[PDB]
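Structure first, then comments.
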Amino acid sequence: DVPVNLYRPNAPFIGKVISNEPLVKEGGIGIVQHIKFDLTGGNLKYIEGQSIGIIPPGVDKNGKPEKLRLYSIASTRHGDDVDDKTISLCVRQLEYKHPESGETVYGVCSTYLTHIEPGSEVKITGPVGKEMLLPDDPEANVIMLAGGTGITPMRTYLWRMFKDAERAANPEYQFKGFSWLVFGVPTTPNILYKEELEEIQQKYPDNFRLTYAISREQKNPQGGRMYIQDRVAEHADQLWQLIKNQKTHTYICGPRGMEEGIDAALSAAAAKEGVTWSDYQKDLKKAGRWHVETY
Ligand SMILES: Cc1cc2nc3c(=O)[nH]c(=O)nc-3n(C[C@H](O)[C@H](O)[C@H](O)COP(=O)(O)OP(=O)(O)OC[C@H]3O[C@@H](n4cnc5c(N)ncnc54)[C@H](O)[C@@H]3O)c2cc1C
């Protein structure tokens with residue numbers, strides 16, 4: 001039922017880039033791009049929460065052909081234009097420091113993708129992943145804990161749930177539960193998809209809450225920079241009360257090691273009612289209701 005591995009690295013899909021638009025507005029840190037690809041000519045179907053591979057051209061430092069890098073899909077099953085013809089990605093350009101051979105090193109596939117022109121041919125594999133799937137239940141609660149490009153599967157959920165054209169195209173999924181996004185980025189220019197996320201909250205104030213953790217603009221109560229863990233600590237009691245519902249699913253996506261502060265915050269909340277969180281979390285993972293994808 002769930003589409004998986006319709007294309008594989010030995011015979012990938014050759015898709016064309018349609019658009020490559022900036023998501024980091026002026027004044028932000030780094031480059032993150034929304035890249036849309038053409039899927040006509042082949043049979044690549046996908047659903048929300050899945051990933052695709054991109055194989056970059058040329059060779060590595062050892063002369064061997066470059067491997068795929070996995071990217072979370074930014075679009076719903078229908079694509080951004082709700083036509084069943086496209087797929088989108090949300091790609092950060094990886095750039096880093098001076099003690100790693102050279103002066104500034106740029107990541108291979110992400111610099112390729114972030115500078116790619118419309119009309120160019122791309123090797124696409126997949127879709128992969130059954131870890132970040134949205135339930136078919138319209139009455140489910142969805143907590144979304146996103147850091148940076150961790151917004152990317154959250155975009156696919158929130159678009160399916162709340163965009164007018166998506167609701168018209170999906171008669172079996174008219175969402176009426178509650179969704180909460182806690183989004184951690186460094187600046188207000190770095191709030192990826194800000195205007196559309198804020199449009200959804202103004203249109204659906206009882207069904208979507210939007211919380212920001214903006215590190216260069218806000219401080220936590222200890223005087224340090226505001227991160228996603230601090231906003232989870234601020235709302236730990238509320239989030240635990242929602243997690244107790246049998247129909248609540250929680251999604252964690254973003255940088256590796258973000259799980260640690262979220263676990264500590266929900267541990268203090270769960271302990272007030274005599275529950276050890278690390279054990280309750282194991283049962284949620286078993287039930288398929290605690291979904292993690294960090295990198
Ligand atoms: C399931 C999954 C989903 C993902 N989704 C997305 C997504 O939606 N958007 C997105 O932008 N990315 C996503 N990523 C990460 C993405 O796959 C690639 O890892 C990333 O884009 C960098 O690939 P590259 O080819 O640009 O870098 P490479 O050229 O392979 O460079 C990466 C390598 O350089 C080193 N390196 C990286 N950062 C540093 C640092 N700060 N200091 C020192 N060394 C470092 C490491 O050796 C690392 O293996 C996802 C990863 C996974 C596993």
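Labels for the structure tokens follow display order: chains A, B, ..., residues from 1 in each chain, ligands from 1.
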
Requested in this report: Please extract the residues at most 7 Å from ligand 1, counting only C-alpha atoms and all ligand atoms, and provide them as number ranges by chain, using the chain letters and residue numbers of this document.
Outcome: A: 51, 69-73, 89-94, 96-97, 100, 106-111, 149-150, 152, 293-295

Separating atom CA of residue A:49 from atom CA of residue A:28, to the nearest tenth of an Å, is a gap of 26.4 Å

| task | Give me the residues within 7 Å of stretch 254-268 of chain A as JSON, numbers by chain, counting only C-alpha atoms and dropping any in the same chain fewer than 5 places off. | result | {"A": [146, 147, 148, 149, 150, 229, 232, 233, 236, 240, 276, 277, 294, 295]}

Please write the residues from the selection above to a file, keeping N, CA and C atoms, as a short mmCIF file (atom, residue, chain, number, x, y, z; two decimals), in the first residue's frame.
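Saved to again20.cif:
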data_model
loop_
_atom_site.label_atom_id
_atom_site.label_comp_id
_atom_site.auth_asym_id
_atom_site.auth_seq_id
_atom_site.Cartn_x
_atom_site.Cartn_y
_atom_site.Cartn_z
N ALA A 146 10.47 20.30 15.30
CA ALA A 146 11.31 20.49 14.12
C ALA A 146 12.45 21.47 14.36
N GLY A 147 13.66 21.07 13.98
CA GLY A 147 14.81 21.96 14.01
C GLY A 147 15.42 22.13 12.63
N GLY A 148 15.38 23.36 12.10
CA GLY A 148 16.01 23.66 10.81
C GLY A 148 15.29 23.03 9.63
N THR A 149 15.99 22.17 8.89
CA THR A 149 15.40 21.44 7.77
C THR A 149 14.55 20.26 8.24
N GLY A 150 14.48 20.08 9.56
CA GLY A 150 13.50 19.19 10.17
C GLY A 150 12.05 19.57 9.97
N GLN A 229 14.41 22.65 22.84
CA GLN A 229 14.35 21.99 24.15
C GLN A 229 13.77 22.86 25.26
N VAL A 232 10.01 23.11 24.64
CA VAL A 232 9.45 21.83 25.10
C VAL A 232 9.41 21.77 26.64
N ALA A 233 10.40 22.37 27.30
CA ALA A 233 10.43 22.48 28.77
C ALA A 233 9.37 23.44 29.32
N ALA A 236 6.03 21.50 28.74
CA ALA A 236 6.23 20.07 29.02
C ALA A 236 5.00 19.36 29.55
N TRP A 240 2.92 16.52 27.40
CA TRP A 240 2.73 15.22 28.06
C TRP A 240 1.25 14.83 28.14
N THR A 276 7.69 6.88 34.34
CA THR A 276 9.04 7.01 33.82
C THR A 276 8.96 7.09 32.30
N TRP A 277 9.40 8.22 31.76
CA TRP A 277 9.21 8.56 30.35
C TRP A 277 9.91 7.62 29.38
N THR A 294 16.44 11.88 12.67
CA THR A 294 17.48 12.87 12.87
C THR A 294 18.78 12.49 12.16
N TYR A 295 19.58 13.51 11.85
CA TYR A 295 20.71 13.38 10.93
C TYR A 295 21.81 14.41 11.18
#

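Using only C-alpha atoms, the residues found no farther than 9 Å from residue A:176, other than those of its own chain fewer than 5 positions away, are residues 138, 139, 140, 141, 161 and 207 of chain A.
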
Create the file for the chosen residues now, containing N, CA and C atoms and written as a PDB file, in the first residue's frame.
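Written out: selection.pdb:
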ATOM      1  N   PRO A 138      -8.502  11.158  10.786  1.00  0.00           N
ATOM      2  CA  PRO A 138      -8.689  12.619  10.762  1.00  0.00           C
ATOM      3  C   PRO A 138      -8.744  13.273  12.145  1.00  0.00           C
ATOM      4  N   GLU A 139      -8.970  12.449  13.171  1.00  0.00           N
ATOM      5  CA  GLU A 139      -9.173  12.897  14.551  1.00  0.00           C
ATOM      6  C   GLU A 139      -7.902  12.790  15.396  1.00  0.00           C
ATOM      7  N   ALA A 140      -6.811  12.345  14.773  1.00  0.00           N
ATOM      8  CA  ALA A 140      -5.515  12.197  15.442  1.00  0.00           C
ATOM      9  C   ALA A 140      -4.889  13.538  15.814  1.00  0.00           C
ATOM     10  N   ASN A 141      -4.181  13.568  16.942  1.00  0.00           N
ATOM     11  CA  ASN A 141      -3.351  14.721  17.282  1.00  0.00           C
ATOM     12  C   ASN A 141      -1.919  14.492  16.831  1.00  0.00           C
ATOM     13  N   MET A 161      -3.105  18.458   5.637  1.00  0.00           N
ATOM     14  CA  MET A 161      -4.125  18.748   6.636  1.00  0.00           C
ATOM     15  C   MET A 161      -4.913  20.024   6.334  1.00  0.00           C
ATOM     16  N   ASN A 207      -7.070  24.335  15.574  1.00  0.00           N
ATOM     17  CA  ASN A 207      -6.548  23.067  15.056  1.00  0.00           C
ATOM     18  C   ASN A 207      -5.032  23.074  14.806  1.00  0.00           C
TER      19      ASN A 207
END

Can you pull out every residue within 8 Å of stretch 8-19 of chain A, counting only C-alpha atoms, but drop anything in the same chain fewer than 2 positions away, and send it as number ranges by chain?
-> A: 5-6, 21, 34-40, 42, 44, 55, 68, 116-126

- [ ] Give me every helix (DSSP H, G or I) residue in stretch 59-212 of chain A, going by DSSP on the backbone, as a ChimeraX atom specification.
- [x] /A:108-114,148-162,164-169,194-203

| task | Give me every strand (DSSP E or B) residue in stretch 45-101 of chain A, going by DSSP on the backbone, as a PyMOL selection string. | result | chain A and resi 51-55+59+65+69-73+86-92+95

Contacts of residue A:248 within 12 Å, only C-alpha atoms, excl. fewer than 4 positions in-chain, as a compact mmCIF listing (two decimals) with N, CA and C atoms, in the first residue's frame:
# COMPACT_ATOMS: atom_id res chain seq x y z
N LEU A 134 2.20 9.70 8.43
CA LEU A 134 1.01 10.30 9.02
C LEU A 134 -0.10 9.24 9.09
N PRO A 135 -0.81 9.14 10.25
CA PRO A 135 -2.01 8.28 10.34
C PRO A 135 -3.16 8.75 9.45
N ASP A 137 -6.22 8.56 10.28
CA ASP A 137 -7.28 9.03 11.18
C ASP A 137 -7.35 10.57 11.20
N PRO A 138 -8.50 11.16 10.79
CA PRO A 138 -8.69 12.62 10.76
C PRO A 138 -8.74 13.27 12.15
N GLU A 139 -8.97 12.45 13.17
CA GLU A 139 -9.17 12.90 14.55
C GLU A 139 -7.90 12.79 15.40
N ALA A 140 -6.81 12.35 14.77
CA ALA A 140 -5.51 12.20 15.44
C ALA A 140 -4.89 13.54 15.81
N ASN A 141 -4.18 13.57 16.94
CA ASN A 141 -3.35 14.72 17.28
C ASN A 141 -1.92 14.49 16.83
N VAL A 142 -1.31 15.56 16.33
CA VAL A 142 0.01 15.50 15.69
C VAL A 142 0.90 16.58 16.31
N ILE A 143 1.90 16.14 17.07
CA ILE A 143 2.91 17.04 17.61
C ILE A 143 4.15 16.96 16.71
N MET A 144 4.65 18.12 16.31
CA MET A 144 5.76 18.22 15.37
C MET A 144 6.88 19.05 15.98
N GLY A 177 -8.47 17.18 14.09
CA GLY A 177 -7.76 17.05 15.36
C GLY A 177 -6.97 18.30 15.69
N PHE A 178 -5.91 18.13 16.48
CA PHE A 178 -5.04 19.25 16.82
C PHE A 178 -3.60 18.96 16.43
N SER A 179 -2.96 19.96 15.84
CA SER A 179 -1.55 19.89 15.49
C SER A 179 -0.74 21.01 16.10
N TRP A 180 0.44 20.66 16.61
CA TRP A 180 1.32 21.63 17.25
C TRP A 180 2.72 21.51 16.66
N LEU A 239 2.31 19.17 26.63
CA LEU A 239 2.75 18.19 25.64
C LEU A 239 2.62 16.75 26.12
N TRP A 240 2.92 16.52 27.40
CA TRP A 240 2.73 15.22 28.06
C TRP A 240 1.25 14.83 28.14
N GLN A 241 0.39 15.80 28.45
CA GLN A 241 -1.05 15.59 28.50
C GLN A 241 -1.65 15.21 27.14
N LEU A 242 -1.09 15.77 26.07
CA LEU A 242 -1.46 15.40 24.70
C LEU A 242 -0.91 14.04 24.27
N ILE A 243 0.32 13.73 24.68
CA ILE A 243 0.97 12.44 24.38
C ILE A 243 0.26 11.23 25.02
N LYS A 244 -0.46 11.48 26.11
CA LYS A 244 -1.22 10.45 26.82
C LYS A 244 -2.41 9.91 26.03
N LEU A 284 5.35 3.69 23.08
CA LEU A 284 4.91 4.56 21.98
C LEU A 284 5.62 4.24 20.68
N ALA A 287 4.05 1.01 19.44
CA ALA A 287 2.72 1.31 18.89
C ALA A 287 2.78 2.08 17.57
N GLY A 288 3.98 2.53 17.20
CA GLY A 288 4.18 3.31 15.99
C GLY A 288 3.75 4.77 16.12
N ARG A 289 3.85 5.30 17.34
CA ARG A 289 3.31 6.63 17.65
C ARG A 289 4.36 7.66 18.08
N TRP A 290 5.62 7.22 18.14
CA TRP A 290 6.75 8.12 18.37
C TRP A 290 7.72 7.95 17.21
N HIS A 291 7.77 8.96 16.35
CA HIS A 291 8.50 8.90 15.08
C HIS A 291 9.69 9.85 15.10

TODO: Enter the distance from atom CA of residue A:98 to atom CA of residue A:151, in Å, rounded to one decimal.
DONE: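 Straight-line distance from atom CA of residue A:98 to atom CA of residue A:151 works out to 28.7 Å.
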